[PDB]
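Before any comments, here is the structure.
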Amino acid sequence: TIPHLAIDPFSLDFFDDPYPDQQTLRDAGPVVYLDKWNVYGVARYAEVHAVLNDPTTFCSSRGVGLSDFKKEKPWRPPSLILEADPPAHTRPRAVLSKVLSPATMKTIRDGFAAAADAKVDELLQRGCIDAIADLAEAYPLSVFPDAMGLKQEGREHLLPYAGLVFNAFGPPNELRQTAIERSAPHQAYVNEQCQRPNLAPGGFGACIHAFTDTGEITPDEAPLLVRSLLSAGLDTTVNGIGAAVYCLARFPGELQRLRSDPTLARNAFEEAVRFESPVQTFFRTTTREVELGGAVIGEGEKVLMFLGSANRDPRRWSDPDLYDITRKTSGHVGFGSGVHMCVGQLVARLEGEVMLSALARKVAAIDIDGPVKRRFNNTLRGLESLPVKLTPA
Ligand code: HEM
Ligand SMILES: COc1ccc(C(N)=O)cc1
Ligand SMILES: COc1ccc(C(N)=O)cc1
Ligand SMILES: COc1ccc(C(N)=O)cc1
Ligand SMILES: [Cl-]
């Protein structure tokens, strides 16, 4: 039998303090039912991990938002990659995997690192900064659109476009309906930038389009794949980096360990992703009767996965509520898991690593001094403002 809960995981109150409610989602049972949205959810590591890794039973092509694409109209033309199942998922996934490969990362690494080092130097001259606007936002804006091959004009649409995209996975609450209603200028900007002539040579965009020349993808598929990176590639990392800086500020001891060993940079970042989980929730839809958490769920049912909760499940993590930069982070579901596991994870880890490496080397202390402000999103967790004083090494 399946416990009914009145928790609204897409409400402002939940966003503002999700942890007691997430403990309840986990502790009530391995499978729950949410009265407010009439859907099943699993919040424990074991179930979330199991669902991610059985795409046959828990498919994505019926949407990874609440909306069931088999019965409803998608808010936009579906992603070729995020919202598709094997075998169809395979080819577009292969393309983005090549474009965002370890080898590609070697070619851009030095530029990313110098940008990060320069960015921290610049902030140190001011002292009083906003770790969101001046760092978590500024840094990825300075490297990712260039690495994409994007024109300078119209970049201000990138953040709110991703905000839109992630709200749209949500239920039809105010956050979602207001996003979609204000969407047209963002979409129109994005659609211009997805076209072959507008993407600089040597960038992610052009590289994607090159796959049309070999017959690997069509001229129609090409722009939709660029759309994927512009949908998913920025706001996530912004929140990842913001999360890392927030953790180092709240856990001063962990910052000092990072200064003592800056090679901990990449793992400090991974641990921030586990701890805050910029992407909080995704859905799947059952393709058959299936037993999950000891309950039988019927075919065609949406299932809500609490990734951020799974990453804090005491059944899997010791002292889950502590930021520990030497934790074995392997296994966390912040980037998902299985066939859909984040295809841009190397890009994100590169941005986060080089940026925490710069902080590790150049900063002695990070102190919160001012009102902290949260940004609300149906899917993304992160801060709108984080005033900090940086003290130079
Ligand atoms: C901290 C940063 C990031 C986080 C937390 C994150 C999170 C995730 C998660 C949880 C998934 C799984 C989706 C699912 O299972 O349905 C995913 C997939 C994906 N991510 Fe990321 N991501 C990040 C950075 C990036 C970057 C930098 C890019 C592109 C440059 C990117 C592009 C994608 C794409 C295209 C997919 C779809 C993969 C597929 O369906 O095969 N993400 N991401
Ligand atoms: C699958 O193709 C489409 C195309 C457009 C839309 C839309 N604009 O909502 C939804 C689905
Ligand atoms: C246009 O296609 C896509 C693909 C992936 C994503 C994402 N992970 O948010 C968003 C949009
Ligand atoms: C997470 O979603 C968003 C939305 C808008 C902005 C912004 N306007 O800077 C930043 C992030
Ligand atoms: Cl769009």
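Ligands are numbered from 1 in the order shown, chains are lettered A, B, ... in the order of the structure tokens, and residues start at 1 in each chain.
Using only C-alpha atoms, the protein and nucleic acid residues lying no more than 8 Å from region 218-228 of chain A, apart from those fewer than 5 places from it along its own chain, are residues 79, 80, 81, 92, 96, 190, 191, 194, 195, 196, 204, 205, 208, 209, 211, 212 and 233 of chain A.
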Next, the residues of the selection above should be written as a PDB file, in the first residue's frame with N, CA, C and O atoms.
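Contents of selection33.pdb, freshly written:
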ATOM      1  N   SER A  79      13.026  17.633 -26.973  1.00  0.00           N
ATOM      2  CA  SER A  79      14.451  17.381 -27.117  1.00  0.00           C
ATOM      3  C   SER A  79      14.671  16.058 -27.840  1.00  0.00           C
ATOM      4  O   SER A  79      13.965  15.090 -27.569  1.00  0.00           O
ATOM      5  N   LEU A  80      15.629  16.025 -28.769  1.00  0.00           N
ATOM      6  CA  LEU A  80      16.020  14.784 -29.448  1.00  0.00           C
ATOM      7  C   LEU A  80      16.710  13.819 -28.499  1.00  0.00           C
ATOM      8  O   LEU A  80      16.685  12.610 -28.701  1.00  0.00           O
ATOM      9  N   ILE A  81      17.340  14.365 -27.471  1.00  0.00           N
ATOM     10  CA  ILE A  81      18.122  13.566 -26.555  1.00  0.00           C
ATOM     11  C   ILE A  81      17.435  13.329 -25.194  1.00  0.00           C
ATOM     12  O   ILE A  81      17.215  12.182 -24.823  1.00  0.00           O
ATOM     13  N   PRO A  92      21.656  10.737 -31.354  1.00  0.00           N
ATOM     14  CA  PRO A  92      21.895  12.110 -30.890  1.00  0.00           C
ATOM     15  C   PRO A  92      22.796  12.184 -29.656  1.00  0.00           C
ATOM     16  O   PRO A  92      23.582  13.126 -29.519  1.00  0.00           O
ATOM     17  N   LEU A  96      26.528  14.388 -29.204  1.00  0.00           N
ATOM     18  CA  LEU A  96      26.853  15.315 -28.124  1.00  0.00           C
ATOM     19  C   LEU A  96      28.000  14.788 -27.244  1.00  0.00           C
ATOM     20  O   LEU A  96      28.816  15.561 -26.752  1.00  0.00           O
ATOM     21  N   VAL A 190      17.034  32.058 -29.151  1.00  0.00           N
ATOM     22  CA  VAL A 190      17.688  30.755 -29.147  1.00  0.00           C
ATOM     23  C   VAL A 190      17.628  30.130 -30.532  1.00  0.00           C
ATOM     24  O   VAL A 190      18.620  29.573 -31.017  1.00  0.00           O
ATOM     25  N   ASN A 191      16.474  30.234 -31.182  1.00  0.00           N
ATOM     26  CA  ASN A 191      16.364  29.627 -32.496  1.00  0.00           C
ATOM     27  C   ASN A 191      17.253  30.244 -33.571  1.00  0.00           C
ATOM     28  O   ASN A 191      17.719  29.544 -34.452  1.00  0.00           O
ATOM     29  N   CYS A 194      20.800  28.756 -32.963  1.00  0.00           N
ATOM     30  CA  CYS A 194      20.963  27.350 -33.336  1.00  0.00           C
ATOM     31  C   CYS A 194      21.310  27.106 -34.817  1.00  0.00           C
ATOM     32  O   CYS A 194      21.623  25.975 -35.196  1.00  0.00           O
ATOM     33  N   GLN A 195      21.231  28.141 -35.654  1.00  0.00           N
ATOM     34  CA  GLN A 195      21.388  27.958 -37.096  1.00  0.00           C
ATOM     35  C   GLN A 195      22.859  27.983 -37.494  1.00  0.00           C
ATOM     36  O   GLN A 195      23.637  28.789 -36.972  1.00  0.00           O
ATOM     37  N   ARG A 196      23.238  27.108 -38.422  1.00  0.00           N
ATOM     38  CA  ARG A 196      24.658  26.960 -38.795  1.00  0.00           C
ATOM     39  C   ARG A 196      25.443  28.266 -39.037  1.00  0.00           C
ATOM     40  O   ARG A 196      26.572  28.412 -38.568  1.00  0.00           O
ATOM     41  N   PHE A 204      31.223  24.540 -30.069  1.00  0.00           N
ATOM     42  CA  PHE A 204      30.373  23.374 -29.899  1.00  0.00           C
ATOM     43  C   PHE A 204      29.311  23.349 -30.977  1.00  0.00           C
ATOM     44  O   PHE A 204      29.002  22.295 -31.549  1.00  0.00           O
ATOM     45  N   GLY A 205      28.759  24.520 -31.273  1.00  0.00           N
ATOM     46  CA  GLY A 205      27.702  24.620 -32.254  1.00  0.00           C
ATOM     47  C   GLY A 205      28.146  24.172 -33.631  1.00  0.00           C
ATOM     48  O   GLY A 205      27.515  23.322 -34.242  1.00  0.00           O
ATOM     49  N   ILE A 208      28.757  20.513 -33.885  1.00  0.00           N
ATOM     50  CA  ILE A 208      27.539  19.746 -33.999  1.00  0.00           C
ATOM     51  C   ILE A 208      27.087  19.749 -35.444  1.00  0.00           C
ATOM     52  O   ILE A 208      26.717  18.714 -36.001  1.00  0.00           O
ATOM     53  N   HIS A 209      27.106  20.923 -36.058  1.00  0.00           N
ATOM     54  CA  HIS A 209      26.649  21.042 -37.437  1.00  0.00           C
ATOM     55  C   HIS A 209      27.529  20.266 -38.432  1.00  0.00           C
ATOM     56  O   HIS A 209      27.048  19.836 -39.494  1.00  0.00           O
ATOM     57  N   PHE A 211      28.418  17.384 -38.141  1.00  0.00           N
ATOM     58  CA  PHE A 211      27.874  16.033 -38.201  1.00  0.00           C
ATOM     59  C   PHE A 211      26.811  15.903 -39.291  1.00  0.00           C
ATOM     60  O   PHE A 211      26.400  14.794 -39.633  1.00  0.00           O
ATOM     61  N   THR A 212      26.359  17.025 -39.839  1.00  0.00           N
ATOM     62  CA  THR A 212      25.456  16.948 -40.988  1.00  0.00           C
ATOM     63  C   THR A 212      26.230  16.559 -42.268  1.00  0.00           C
ATOM     64  O   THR A 212      25.675  15.949 -43.187  1.00  0.00           O
ATOM     65  N   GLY A 233      23.036  23.741 -20.611  1.00  0.00           N
ATOM     66  CA  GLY A 233      24.458  23.894 -20.382  1.00  0.00           C
ATOM     67  C   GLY A 233      24.898  25.050 -19.508  1.00  0.00           C
ATOM     68  O   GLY A 233      26.057  25.079 -19.092  1.00  0.00           O
TER      69      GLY A 233
END
Please identify all protein, DNA and RNA residues within 12 Å of ligand 5, counting only C-alpha atoms and all ligand atoms, and report them as a ChimeraX atom specification. /A:74-79,157-158,160-166,168,180,183-194,223-232
Using C-alpha atoms, can you export the residues from the last selection as a short mmCIF file (atom, residue, chain, number, x, y, z; two decimals), in the first residue's frame?
data_model
loop_
_atom_site.label_atom_id
_atom_site.label_comp_id
_atom_site.auth_asym_id
_atom_site.auth_seq_id
_atom_site.Cartn_x
_atom_site.Cartn_y
_atom_site.Cartn_z
CA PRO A 74 4.56 19.36 -25.40
CA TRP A 75 5.25 23.02 -24.57
CA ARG A 76 7.88 22.93 -27.33
CA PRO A 77 9.21 20.45 -29.92
CA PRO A 78 10.71 17.71 -27.68
CA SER A 79 14.45 17.38 -27.12
CA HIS A 157 18.40 35.72 -22.96
CA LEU A 158 20.47 32.68 -21.97
CA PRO A 160 16.02 33.25 -18.40
CA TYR A 161 15.72 30.81 -21.32
CA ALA A 162 17.14 28.01 -19.21
CA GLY A 163 14.95 29.24 -16.34
CA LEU A 164 12.00 28.81 -18.65
CA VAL A 165 13.09 25.36 -19.78
CA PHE A 166 13.45 24.05 -16.22
CA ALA A 168 8.51 23.80 -17.78
CA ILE A 180 5.76 29.94 -20.82
CA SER A 183 8.79 32.77 -23.56
CA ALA A 184 8.63 33.98 -27.19
CA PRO A 185 11.51 36.47 -27.28
CA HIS A 186 13.78 33.92 -25.53
CA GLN A 187 12.84 31.12 -27.88
CA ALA A 188 13.29 33.36 -30.93
CA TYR A 189 16.76 34.37 -29.80
CA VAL A 190 17.69 30.75 -29.15
CA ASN A 191 16.36 29.63 -32.50
CA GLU A 192 18.44 32.17 -34.41
CA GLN A 193 21.58 31.04 -32.55
CA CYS A 194 20.96 27.35 -33.34
CA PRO A 223 19.80 22.96 -34.66
CA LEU A 224 17.70 20.97 -32.14
CA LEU A 225 20.95 19.52 -30.77
CA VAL A 226 22.44 22.98 -30.38
CA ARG A 227 19.16 23.83 -28.64
CA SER A 228 19.87 21.05 -26.12
CA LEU A 229 23.16 22.58 -25.01
CA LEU A 230 21.66 26.06 -24.76
CA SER A 231 18.77 24.66 -22.72
CA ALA A 232 20.89 22.65 -20.26
#
Write out as a PyMOL selection string the set of residues from region 48-228 of chain A that DSSP, computed on the backbone, places in strand (DSSP E or B). chain A and resi 58-59+128-130+150+199
Which residues are close to residue 53 (chain A), i.e. within 8 Å by only C-alpha atoms, leaving aside same-chain residues fewer than 4 positions away? Reply as an MDAnalysis selection string. chainID A and resid 49 337:339
If we count only C-alpha atoms and set the cut-off at 12 Å, which residues sit around residue 51 (chain A), ignoring sequence neighbours fewer than 6 positions away in its own chain? Please answer as JSON, numbers by chain. {"A": [31, 41, 42, 43, 44, 45, 57, 58, 59, 60, 282, 283, 284, 285, 286, 290, 291, 292, 293, 302, 303, 304, 305, 306, 307, 310, 333, 336, 337, 338, 339, 340]}
The selected residues should be written to file as a compact mmCIF listing (two decimals), in the first residue's frame (atoms: N, CA and C atoms).
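Below you can see part15.txt, which holds the result:
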# COMPACT_ATOMS: atom_id res chain seq x y z
N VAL A 31 7.78 4.14 -1.85
CA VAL A 31 6.98 4.84 -2.86
C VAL A 31 5.88 5.65 -2.21
N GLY A 41 5.87 9.30 -6.34
CA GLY A 41 7.23 9.77 -6.16
C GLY A 41 8.09 8.79 -5.37
N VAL A 42 9.39 8.78 -5.66
CA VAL A 42 10.35 8.00 -4.88
C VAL A 42 11.51 8.93 -4.52
N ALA A 43 11.87 8.94 -3.24
CA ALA A 43 12.79 9.94 -2.72
C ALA A 43 14.05 9.32 -2.14
N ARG A 44 14.07 8.01 -1.99
CA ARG A 44 15.24 7.31 -1.46
C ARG A 44 16.26 7.01 -2.56
N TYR A 45 17.53 6.94 -2.17
CA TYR A 45 18.58 6.65 -3.13
C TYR A 45 18.29 5.36 -3.89
N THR A 57 11.59 0.30 -18.63
CA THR A 57 10.40 0.33 -17.80
C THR A 57 10.02 1.76 -17.48
N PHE A 58 11.01 2.62 -17.29
CA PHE A 58 10.76 4.00 -16.92
C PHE A 58 11.33 4.90 -18.01
N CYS A 59 10.48 5.17 -19.00
CA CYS A 59 10.92 5.82 -20.22
C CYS A 59 10.90 7.33 -20.06
N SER A 60 11.49 8.02 -21.03
CA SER A 60 11.67 9.46 -20.99
C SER A 60 10.93 10.14 -22.14
N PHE A 282 13.35 15.03 -11.59
CA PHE A 282 12.98 14.68 -12.96
C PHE A 282 11.91 13.59 -12.88
N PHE A 283 11.10 13.46 -13.93
CA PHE A 283 10.09 12.39 -14.00
C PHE A 283 10.47 11.26 -14.98
N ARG A 284 9.83 10.12 -14.80
CA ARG A 284 9.82 9.05 -15.78
C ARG A 284 8.37 8.59 -15.93
N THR A 285 8.11 7.79 -16.95
CA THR A 285 6.77 7.24 -17.13
C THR A 285 6.87 5.73 -17.34
N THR A 286 6.07 4.96 -16.62
CA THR A 286 6.12 3.51 -16.72
C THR A 286 5.58 3.04 -18.05
N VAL A 290 4.75 -2.50 -12.98
CA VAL A 290 6.07 -2.67 -12.39
C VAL A 290 6.03 -2.56 -10.89
N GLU A 291 6.78 -3.44 -10.24
CA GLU A 291 6.89 -3.43 -8.80
C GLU A 291 8.06 -2.53 -8.36
N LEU A 292 7.74 -1.52 -7.57
CA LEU A 292 8.71 -0.51 -7.17
C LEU A 292 8.47 -0.23 -5.69
N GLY A 293 9.50 -0.37 -4.87
CA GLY A 293 9.34 -0.21 -3.44
C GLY A 293 8.30 -1.13 -2.82
N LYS A 302 3.25 8.40 -14.46
CA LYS A 302 4.34 9.28 -14.11
C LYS A 302 4.95 8.95 -12.75
N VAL A 303 6.27 9.01 -12.68
CA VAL A 303 6.94 8.82 -11.42
C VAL A 303 7.91 9.95 -11.20
N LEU A 304 7.76 10.65 -10.08
CA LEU A 304 8.64 11.76 -9.75
C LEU A 304 9.86 11.27 -8.96
N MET A 305 11.06 11.58 -9.45
CA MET A 305 12.31 11.22 -8.77
C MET A 305 12.91 12.44 -8.08
N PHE A 306 13.19 12.32 -6.78
CA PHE A 306 13.82 13.39 -6.02
C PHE A 306 15.32 13.13 -5.97
N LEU A 307 16.04 13.70 -6.94
CA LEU A 307 17.47 13.49 -7.06
C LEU A 307 18.18 14.10 -5.86
N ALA A 310 17.66 11.89 -2.89
CA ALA A 310 18.47 10.67 -3.00
C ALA A 310 19.92 10.94 -2.61
N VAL A 333 23.54 11.12 -7.63
CA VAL A 333 22.68 11.23 -8.80
C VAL A 333 22.46 12.68 -9.24
N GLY A 336 22.34 12.67 -12.70
CA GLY A 336 21.59 11.50 -13.12
C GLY A 336 22.43 10.24 -13.08
N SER A 337 22.00 9.22 -13.80
CA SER A 337 22.70 7.95 -13.81
C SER A 337 22.13 7.11 -14.95
N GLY A 338 22.96 6.29 -15.59
CA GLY A 338 22.49 5.45 -16.68
C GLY A 338 22.58 6.09 -18.07
N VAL A 339 21.69 5.69 -18.98
CA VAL A 339 21.84 6.09 -20.38
C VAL A 339 21.71 7.59 -20.62
N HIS A 340 21.01 8.27 -19.72
CA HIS A 340 20.78 9.70 -19.85
C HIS A 340 21.70 10.53 -18.97
Using only C-alpha atoms and all ligand atoms, I'd like a table of the residues in chain A that come within 12 Å of ligand 4; for each, show the closest atom pair and its distance in Å rounded to one decimal, ordered by chain and ascending number, as a tab-separated table.
residue	atom	partner	partner_atom_place_in_ligand_line	distance
A:132	CA	ligand 4	10 (C)	9.2
A:133	CA	ligand 4	9 (O)	7.7
A:134	CA	ligand 4	9 (O)	11.1
A:136	CA	ligand 4	10 (C)	10.2
A:137	CA	ligand 4	9 (O)	7.6
A:138	CA	ligand 4	9 (O)	9.9
A:140	CA	ligand 4	10 (C)	11.8
A:141	CA	ligand 4	9 (O)	10.4
A:155	CA	ligand 4	9 (O)	10.8
A:156	CA	ligand 4	8 (N)	7.5
A:157	CA	ligand 4	8 (N)	7.9
A:158	CA	ligand 4	6 (C)	8.1
A:159	CA	ligand 4	10 (C)	4.6
A:160	CA	ligand 4	4 (C)	3.8
A:161	CA	ligand 4	4 (C)	7.1
A:162	CA	ligand 4	2 (O)	6.1
A:163	CA	ligand 4	2 (O)	3.6
A:164	CA	ligand 4	2 (O)	7.3
A:165	CA	ligand 4	2 (O)	9.0
A:166	CA	ligand 4	1 (C)	8.0
A:167	CA	ligand 4	2 (O)	8.6
A:168	CA	ligand 4	2 (O)	11.7
A:175	CA	ligand 4	2 (O)	11.1
A:179	CA	ligand 4	4 (C)	9.7
A:183	CA	ligand 4	4 (C)	11.9
A:186	CA	ligand 4	5 (C)	11.2
A:231	CA	ligand 4	2 (O)	11.0
A:232	CA	ligand 4	1 (C)	10.8
A:233	CA	ligand 4	1 (C)	11.8
A:234	CA	ligand 4	11 (C)	9.1
A:235	CA	ligand 4	1 (C)	5.5
A:236	CA	ligand 4	1 (C)	7.8
A:237	CA	ligand 4	1 (C)	10.2
A:238	CA	ligand 4	11 (C)	8.1
A:239	CA	ligand 4	1 (C)	7.6
A:240	CA	ligand 4	1 (C)	11.2
A:242	CA	ligand 4	1 (C)	11.2
A:278	CA	ligand 4	1 (C)	9.6
A:279	CA	ligand 4	1 (C)	10.5
A:374	CA	ligand 4	1 (C)	10.0
A:375	CA	ligand 4	1 (C)	6.7
A:376	CA	ligand 4	1 (C)	7.6
A:377	CA	ligand 4	1 (C)	6.5
A:378	CA	ligand 4	1 (C)	9.6
A:379	CA	ligand 4	1 (C)	9.1
A:380	CA	ligand 4	1 (C)	6.4
A:381	CA	ligand 4	1 (C)	7.8
A:382	CA	ligand 4	1 (C)	7.1
A:383	CA	ligand 4	1 (C)	8.4
A:384	CA	ligand 4	10 (C)	7.2
A:385	CA	ligand 4	9 (O)	10.2
Please produce a file of those selected residues containing C-alpha atoms, as a short mmCIF file (atom, residue, chain, number, x, y, z; two decimals), in the first residue's frame.
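Writing done, so here's selection_3.cif:
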data_model
loop_
_atom_site.label_atom_id
_atom_site.label_comp_id
_atom_site.auth_asym_id
_atom_site.auth_seq_id
_atom_site.Cartn_x
_atom_site.Cartn_y
_atom_site.Cartn_z
CA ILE A 132 25.99 34.77 -7.72
CA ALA A 133 26.10 37.74 -10.13
CA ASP A 134 29.90 38.24 -10.03
CA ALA A 136 28.47 31.80 -10.30
CA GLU A 137 26.85 33.75 -13.14
CA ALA A 138 29.76 35.84 -14.44
CA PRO A 140 30.10 30.58 -16.86
CA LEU A 141 28.79 33.50 -18.98
CA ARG A 155 23.25 36.72 -24.67
CA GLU A 156 21.10 38.20 -21.90
CA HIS A 157 18.40 35.72 -22.96
CA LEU A 158 20.47 32.68 -21.97
CA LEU A 159 19.76 32.62 -18.23
CA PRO A 160 16.02 33.25 -18.40
CA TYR A 161 15.72 30.81 -21.32
CA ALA A 162 17.14 28.01 -19.21
CA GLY A 163 14.95 29.24 -16.34
CA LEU A 164 12.00 28.81 -18.65
CA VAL A 165 13.09 25.36 -19.78
CA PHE A 166 13.45 24.05 -16.22
CA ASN A 167 10.22 25.62 -14.93
CA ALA A 168 8.51 23.80 -17.78
CA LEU A 175 6.16 29.61 -12.01
CA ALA A 179 7.55 31.41 -17.78
CA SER A 183 8.79 32.77 -23.56
CA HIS A 186 13.78 33.92 -25.53
CA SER A 231 18.77 24.66 -22.72
CA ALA A 232 20.89 22.65 -20.26
CA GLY A 233 24.46 23.89 -20.38
CA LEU A 234 24.40 27.20 -18.49
CA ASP A 235 21.95 27.63 -15.57
CA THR A 236 22.90 24.20 -14.19
CA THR A 237 26.60 25.08 -13.92
CA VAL A 238 25.76 28.52 -12.59
CA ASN A 239 23.86 26.83 -9.76
CA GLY A 240 26.58 24.22 -9.32
CA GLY A 242 26.98 28.99 -6.68
CA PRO A 278 21.25 22.03 -8.87
CA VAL A 279 18.79 19.72 -10.63
CA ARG A 374 16.89 32.42 -3.25
CA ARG A 375 15.82 31.95 -6.84
CA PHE A 376 12.69 29.83 -7.19
CA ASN A 377 12.38 27.35 -10.06
CA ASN A 378 10.29 24.22 -10.48
CA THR A 379 13.39 22.10 -11.11
CA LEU A 380 16.54 24.09 -10.46
CA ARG A 381 17.84 24.86 -7.00
CA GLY A 382 20.05 27.87 -6.48
CA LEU A 383 20.49 31.37 -5.17
CA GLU A 384 19.62 34.70 -6.72
CA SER A 385 21.98 36.68 -4.49
#
Could you name the residues that touch residue 326 (chain A) at 9 Å or less, counting only C-alpha atoms, but leaving out those on the same chain fewer than 6 positions away, as a PyMOL selection string? chain A and resi 264+267-268+271
When DSSP is applied to the backbone of this structure, which of region 64-179 of chain A are assigned helix (DSSP H, G or I)? Write them out as a PyMOL selection string. chain A and resi 90-99+102-124+131-148+155-167+174-179
